[PDB]
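Reproduced below: query-v7.cif, with mmCIF, N, CA, C and O atoms.
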```cif
data_upload
#
loop_
_atom_site.label_atom_id
_atom_site.label_comp_id
_atom_site.auth_asym_id
_atom_site.auth_seq_id
_atom_site.Cartn_x
_atom_site.Cartn_y
_atom_site.Cartn_z
N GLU X 1 0.72 -2.33 -8.32
CA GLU X 1 -0.49 -2.41 -9.12
C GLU X 1 -1.54 -3.27 -8.41
O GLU X 1 -2.73 -3.03 -8.55
N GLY X 2 -1.05 -4.24 -7.66
CA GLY X 2 -1.93 -5.14 -6.93
C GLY X 2 -1.29 -5.58 -5.62
O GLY X 2 -0.44 -4.88 -5.07
N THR X 3 -1.72 -6.75 -5.15
CA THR X 3 -1.20 -7.30 -3.91
C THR X 3 -0.63 -8.70 -4.14
O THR X 3 -1.38 -9.64 -4.39
N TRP X 4 0.69 -8.79 -4.05
CA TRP X 4 1.36 -10.06 -4.25
C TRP X 4 1.79 -10.59 -2.88
O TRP X 4 2.27 -9.83 -2.04
N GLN X 5 1.60 -11.89 -2.69
CA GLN X 5 1.96 -12.53 -1.44
C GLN X 5 2.50 -13.93 -1.69
O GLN X 5 1.75 -14.91 -1.66
N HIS X 6 3.80 -14.00 -1.94
CA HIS X 6 4.45 -15.27 -2.20
C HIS X 6 5.15 -15.76 -0.93
O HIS X 6 5.75 -14.97 -0.21
N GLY X 7 5.04 -17.06 -0.70
CA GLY X 7 5.65 -17.67 0.47
C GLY X 7 6.11 -19.10 0.17
O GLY X 7 6.05 -19.58 -0.96
N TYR X 8 6.56 -19.78 1.23
CA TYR X 8 7.04 -21.14 1.11
C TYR X 8 6.92 -21.84 2.46
O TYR X 8 7.70 -21.52 3.36
N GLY X 9 5.98 -22.77 2.57
CA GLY X 9 5.79 -23.49 3.81
C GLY X 9 6.77 -24.67 3.92
O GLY X 9 6.38 -25.77 4.29
N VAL X 10 8.02 -24.39 3.58
CA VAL X 10 9.05 -25.41 3.63
C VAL X 10 8.41 -26.79 3.43
O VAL X 10 8.33 -27.58 4.37
N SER X 11 7.98 -27.03 2.20
CA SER X 11 7.35 -28.30 1.87
C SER X 11 6.42 -28.12 0.67
O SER X 11 6.32 -29.01 -0.18
N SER X 12 5.77 -26.97 0.63
CA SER X 12 4.85 -26.67 -0.46
C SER X 12 5.08 -25.24 -0.95
O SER X 12 5.84 -24.48 -0.35
N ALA X 13 4.40 -24.91 -2.04
CA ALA X 13 4.52 -23.58 -2.63
C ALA X 13 3.12 -23.00 -2.85
O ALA X 13 2.22 -23.66 -3.38
N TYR X 14 2.96 -21.74 -2.44
CA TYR X 14 1.70 -21.05 -2.58
C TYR X 14 1.94 -19.63 -3.09
O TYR X 14 2.97 -19.05 -2.75
N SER X 15 1.00 -19.12 -3.87
CA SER X 15 1.13 -17.77 -4.40
C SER X 15 -0.25 -17.13 -4.56
O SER X 15 -1.07 -17.62 -5.33
N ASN X 16 -0.45 -16.06 -3.82
CA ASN X 16 -1.72 -15.35 -3.87
C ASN X 16 -1.49 -13.93 -4.39
O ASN X 16 -0.67 -13.17 -3.87
N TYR X 17 -2.23 -13.58 -5.44
CA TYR X 17 -2.13 -12.28 -6.06
C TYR X 17 -3.52 -11.71 -6.29
O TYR X 17 -4.34 -12.38 -6.92
N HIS X 18 -3.76 -10.50 -5.80
CA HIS X 18 -5.05 -9.86 -5.97
C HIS X 18 -4.96 -8.80 -7.07
O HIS X 18 -3.89 -8.26 -7.33
N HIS X 19 -6.11 -8.54 -7.69
CA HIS X 19 -6.17 -7.55 -8.76
C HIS X 19 -7.63 -7.15 -9.00
O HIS X 19 -8.49 -8.01 -9.16
N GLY X 20 -7.85 -5.85 -9.02
CA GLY X 20 -9.19 -5.32 -9.24
C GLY X 20 -9.19 -4.28 -10.35
O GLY X 20 -9.91 -3.28 -10.28
N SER X 21 -8.38 -4.54 -11.37
CA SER X 21 -8.28 -3.63 -12.50
C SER X 21 -8.41 -4.41 -13.81
O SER X 21 -9.20 -4.04 -14.68
N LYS X 22 -7.62 -5.47 -13.91
CA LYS X 22 -7.64 -6.30 -15.10
C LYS X 22 -7.42 -7.76 -14.70
O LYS X 22 -6.98 -8.04 -13.59
N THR X 23 -7.73 -8.65 -15.63
CA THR X 23 -7.57 -10.07 -15.39
C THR X 23 -6.16 -10.37 -14.85
O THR X 23 -5.22 -9.62 -15.12
N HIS X 24 -6.07 -11.45 -14.10
CA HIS X 24 -4.80 -11.85 -13.52
C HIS X 24 -4.79 -13.37 -13.31
O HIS X 24 -5.84 -13.99 -13.17
N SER X 25 -3.58 -13.92 -13.28
CA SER X 25 -3.42 -15.35 -13.09
C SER X 25 -2.12 -15.63 -12.33
O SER X 25 -1.08 -15.05 -12.63
N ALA X 26 -2.23 -16.53 -11.36
CA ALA X 26 -1.07 -16.90 -10.55
C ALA X 26 -0.70 -18.35 -10.84
O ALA X 26 -1.51 -19.25 -10.64
N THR X 27 0.53 -18.54 -11.29
CA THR X 27 1.02 -19.87 -11.60
C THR X 27 2.21 -20.22 -10.71
O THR X 27 3.10 -19.39 -10.51
N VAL X 28 2.20 -21.44 -10.21
CA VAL X 28 3.27 -21.91 -9.35
C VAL X 28 3.61 -23.36 -9.70
O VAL X 28 2.73 -24.22 -9.74
N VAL X 29 4.89 -23.59 -9.96
CA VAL X 29 5.36 -24.92 -10.31
C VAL X 29 6.24 -25.46 -9.19
O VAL X 29 7.07 -24.73 -8.64
N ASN X 30 6.04 -26.73 -8.88
CA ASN X 30 6.82 -27.38 -7.83
C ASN X 30 7.96 -28.17 -8.46
O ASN X 30 7.74 -29.21 -9.07
N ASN X 31 9.17 -27.64 -8.29
CA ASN X 31 10.35 -28.29 -8.84
C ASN X 31 10.97 -29.20 -7.77
O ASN X 31 11.94 -28.82 -7.11
N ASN X 32 10.38 -30.38 -7.63
CA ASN X 32 10.86 -31.34 -6.66
C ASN X 32 10.32 -32.73 -7.01
O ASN X 32 11.09 -33.67 -7.22
N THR X 33 9.00 -32.82 -7.05
CA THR X 33 8.34 -34.07 -7.36
C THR X 33 7.66 -33.99 -8.73
O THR X 33 7.30 -35.01 -9.31
N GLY X 34 7.51 -32.76 -9.21
CA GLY X 34 6.88 -32.53 -10.50
C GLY X 34 5.43 -32.09 -10.33
O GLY X 34 4.51 -32.75 -10.83
N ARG X 35 5.26 -30.99 -9.62
CA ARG X 35 3.93 -30.45 -9.38
C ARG X 35 3.75 -29.11 -10.10
O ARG X 35 4.73 -28.47 -10.47
N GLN X 36 2.50 -28.73 -10.28
CA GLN X 36 2.18 -27.48 -10.95
C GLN X 36 0.72 -27.09 -10.70
O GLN X 36 -0.15 -27.95 -10.66
N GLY X 37 0.51 -25.80 -10.53
CA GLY X 37 -0.83 -25.28 -10.28
C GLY X 37 -1.02 -23.92 -10.94
O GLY X 37 -0.10 -23.38 -11.55
N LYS X 38 -2.23 -23.40 -10.79
CA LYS X 38 -2.56 -22.10 -11.37
C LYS X 38 -4.03 -21.77 -11.07
O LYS X 38 -4.89 -22.65 -11.13
N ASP X 39 -4.26 -20.51 -10.75
CA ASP X 39 -5.60 -20.05 -10.44
C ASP X 39 -5.91 -18.79 -11.25
O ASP X 39 -5.75 -17.68 -10.75
N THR X 40 -6.35 -19.00 -12.48
CA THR X 40 -6.67 -17.89 -13.36
C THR X 40 -8.06 -17.33 -13.02
O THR X 40 -9.01 -18.09 -12.83
N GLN X 41 -8.12 -16.01 -12.94
CA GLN X 41 -9.37 -15.34 -12.62
C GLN X 41 -9.44 -13.98 -13.33
O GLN X 41 -8.46 -13.54 -13.92
N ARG X 42 -10.61 -13.37 -13.25
CA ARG X 42 -10.82 -12.07 -13.87
C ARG X 42 -10.47 -10.95 -12.89
O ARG X 42 -9.91 -11.20 -11.82
N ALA X 43 -10.83 -9.73 -13.28
CA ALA X 43 -10.56 -8.57 -12.45
C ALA X 43 -11.48 -8.61 -11.22
O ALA X 43 -12.69 -8.77 -11.36
N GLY X 44 -10.87 -8.46 -10.06
CA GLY X 44 -11.61 -8.48 -8.81
C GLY X 44 -11.76 -9.90 -8.28
O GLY X 44 -12.84 -10.49 -8.35
N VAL X 45 -10.66 -10.42 -7.75
CA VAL X 45 -10.66 -11.77 -7.20
C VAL X 45 -9.28 -12.07 -6.62
O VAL X 45 -8.31 -11.37 -6.91
N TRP X 46 -9.23 -13.11 -5.80
CA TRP X 46 -7.98 -13.52 -5.17
C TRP X 46 -7.52 -14.82 -5.83
O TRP X 46 -8.17 -15.86 -5.67
N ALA X 47 -6.42 -14.73 -6.54
CA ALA X 47 -5.86 -15.89 -7.22
C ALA X 47 -4.82 -16.55 -6.32
O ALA X 47 -3.69 -16.07 -6.21
N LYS X 48 -5.23 -17.65 -5.70
CA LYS X 48 -4.35 -18.38 -4.81
C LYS X 48 -4.03 -19.74 -5.43
O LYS X 48 -4.92 -20.56 -5.63
N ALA X 49 -2.75 -19.94 -5.72
CA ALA X 49 -2.30 -21.19 -6.31
C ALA X 49 -1.49 -21.98 -5.28
O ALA X 49 -0.84 -21.39 -4.42
N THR X 50 -1.57 -23.30 -5.39
CA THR X 50 -0.85 -24.17 -4.48
C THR X 50 -0.38 -25.43 -5.21
O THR X 50 -1.04 -25.90 -6.13
N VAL X 51 0.76 -25.94 -4.76
CA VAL X 51 1.33 -27.14 -5.36
C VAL X 51 2.49 -27.63 -4.50
O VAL X 51 3.23 -26.83 -3.93
N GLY X 52 2.61 -28.95 -4.42
CA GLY X 52 3.67 -29.56 -3.63
C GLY X 52 3.26 -29.68 -2.16
O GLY X 52 2.14 -29.31 -1.79
N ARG X 53 4.18 -30.19 -1.36
CA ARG X 53 3.93 -30.36 0.06
C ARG X 53 4.57 -31.65 0.56
O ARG X 53 3.97 -32.72 0.47
N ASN X 54 5.78 -31.52 1.08
CA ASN X 54 6.51 -32.66 1.59
C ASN X 54 7.64 -32.18 2.50
O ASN X 54 7.57 -32.32 3.72
N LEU X 55 8.66 -31.62 1.87
CA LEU X 55 9.81 -31.11 2.61
C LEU X 55 10.51 -30.03 1.77
O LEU X 55 10.21 -29.86 0.59
N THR X 56 11.43 -29.34 2.42
CA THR X 56 12.18 -28.28 1.75
C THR X 56 12.32 -28.59 0.26
O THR X 56 12.64 -29.72 -0.11
N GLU X 57 12.08 -27.57 -0.55
CA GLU X 57 12.18 -27.72 -1.99
C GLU X 57 12.04 -26.36 -2.68
O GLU X 57 11.61 -25.39 -2.05
N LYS X 58 12.40 -26.33 -3.95
CA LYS X 58 12.32 -25.11 -4.73
C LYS X 58 10.96 -25.05 -5.43
O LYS X 58 10.22 -26.03 -5.44
N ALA X 59 10.67 -23.88 -5.99
CA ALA X 59 9.42 -23.68 -6.69
C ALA X 59 9.55 -22.47 -7.62
O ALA X 59 10.41 -21.61 -7.42
N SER X 60 8.68 -22.44 -8.63
CA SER X 60 8.69 -21.35 -9.59
C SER X 60 7.36 -20.59 -9.54
O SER X 60 6.31 -21.15 -9.84
N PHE X 61 7.45 -19.33 -9.15
CA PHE X 61 6.27 -18.49 -9.05
C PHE X 61 6.18 -17.52 -10.23
O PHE X 61 7.11 -16.77 -10.52
N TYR X 62 5.03 -17.56 -10.91
CA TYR X 62 4.80 -16.71 -12.05
C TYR X 62 3.49 -15.96 -11.88
O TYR X 62 2.64 -16.35 -11.08
N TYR X 63 3.31 -14.87 -12.63
CA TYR X 63 2.11 -14.07 -12.55
C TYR X 63 1.97 -13.21 -13.80
O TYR X 63 2.90 -13.19 -14.61
N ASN X 64 0.84 -12.53 -13.94
CA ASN X 64 0.62 -11.68 -15.09
C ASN X 64 -0.75 -11.00 -14.95
O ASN X 64 -1.45 -11.19 -13.96
N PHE X 65 -1.08 -10.21 -15.96
CA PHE X 65 -2.34 -9.49 -15.97
C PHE X 65 -2.74 -9.08 -17.39
O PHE X 65 -1.87 -8.85 -18.23
N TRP X 66 -4.04 -8.99 -17.61
CA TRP X 66 -4.56 -8.61 -18.91
C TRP X 66 -6.05 -8.33 -18.76
O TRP X 66 -6.59 -7.46 -19.44
#
```

As a first step, turn the structure in this file into structure tokens.
Amino acid sequence: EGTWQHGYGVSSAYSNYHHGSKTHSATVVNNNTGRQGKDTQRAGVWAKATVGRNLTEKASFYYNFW
């Protein structure tokens, strides 16, 4: 439906999701130090979220559309 690009810079968490049909939001939580981000936008935009940045760690990537 869109373009999802999730990665992990072994230290931080980033999530970029594009959408040109309906609203979309990219949420990413850093489960290590207690970080959290989100880049909510409308239709036609690049939602890039970022959080954390230190060393290897887990993260929670979420997304949606409306």

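The space between atom CA of residue X:60 and atom CA of residue X:38 spans 11.4 Å.
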
Residues near stretch 11-19 of chain X, anyone? I mean within 6 Å using all atoms listed in the file, not counting same-chain ones fewer than 5 positions away, as a list in words. residues 1, 2, 3, 4, 5, 6, 26, 42, 43, 44, 45, 46, 47, 48, 49, 50, 51, 52, 53, 54, 55, 56 and 57 of chain X

On this structure, the PyMOL selection byres ((chain X and resi 66) around 7) would catch which residues? List them as a PDB file with N, CA, C and O atoms, keeping the file's coordinate frame, sorted by chain and number.
```pdb
ATOM      1  N   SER X  21      -8.380  -4.540 -11.370  1.00  0.00           N
ATOM      2  CA  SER X  21      -8.280  -3.630 -12.500  1.00  0.00           C
ATOM      3  C   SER X  21      -8.410  -4.410 -13.810  1.00  0.00           C
ATOM      4  O   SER X  21      -9.200  -4.040 -14.680  1.00  0.00           O
ATOM      5  N   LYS X  22      -7.620  -5.470 -13.910  1.00  0.00           N
ATOM      6  CA  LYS X  22      -7.640  -6.300 -15.100  1.00  0.00           C
ATOM      7  C   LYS X  22      -7.420  -7.760 -14.700  1.00  0.00           C
ATOM      8  O   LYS X  22      -6.980  -8.040 -13.590  1.00  0.00           O
ATOM      9  N   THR X  23      -7.730  -8.650 -15.630  1.00  0.00           N
ATOM     10  CA  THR X  23      -7.570 -10.070 -15.390  1.00  0.00           C
ATOM     11  C   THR X  23      -6.160 -10.370 -14.850  1.00  0.00           C
ATOM     12  O   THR X  23      -5.220  -9.620 -15.120  1.00  0.00           O
ATOM     13  N   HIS X  24      -6.070 -11.450 -14.100  1.00  0.00           N
ATOM     14  CA  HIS X  24      -4.800 -11.850 -13.520  1.00  0.00           C
ATOM     15  C   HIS X  24      -4.790 -13.370 -13.310  1.00  0.00           C
ATOM     16  O   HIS X  24      -5.840 -13.990 -13.170  1.00  0.00           O
ATOM     17  N   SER X  25      -3.580 -13.920 -13.280  1.00  0.00           N
ATOM     18  CA  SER X  25      -3.420 -15.350 -13.090  1.00  0.00           C
ATOM     19  C   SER X  25      -2.120 -15.630 -12.330  1.00  0.00           C
ATOM     20  O   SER X  25      -1.080 -15.050 -12.630  1.00  0.00           O
ATOM     21  N   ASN X  64       0.840 -12.530 -13.940  1.00  0.00           N
ATOM     22  CA  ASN X  64       0.620 -11.680 -15.090  1.00  0.00           C
ATOM     23  C   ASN X  64      -0.750 -11.000 -14.950  1.00  0.00           C
ATOM     24  O   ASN X  64      -1.450 -11.190 -13.960  1.00  0.00           O
ATOM     25  N   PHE X  65      -1.080 -10.210 -15.960  1.00  0.00           N
ATOM     26  CA  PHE X  65      -2.340  -9.490 -15.970  1.00  0.00           C
ATOM     27  C   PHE X  65      -2.740  -9.080 -17.390  1.00  0.00           C
ATOM     28  O   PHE X  65      -1.870  -8.850 -18.230  1.00  0.00           O
TER      29      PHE X  65
END
```

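Atom O of residue X:41 lies 19.2 Å from atom N of residue X:7.
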
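Straight-line separation from atom C of residue X:33 to atom CA of residue X:61: 15.6 Å.
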
Mind checking DSSP for chain X and telling me the strand (DSSP E or B) residues as a ChimeraX atom specification? /X:3-8,12-19,24-31,35-41,45-52,58-65
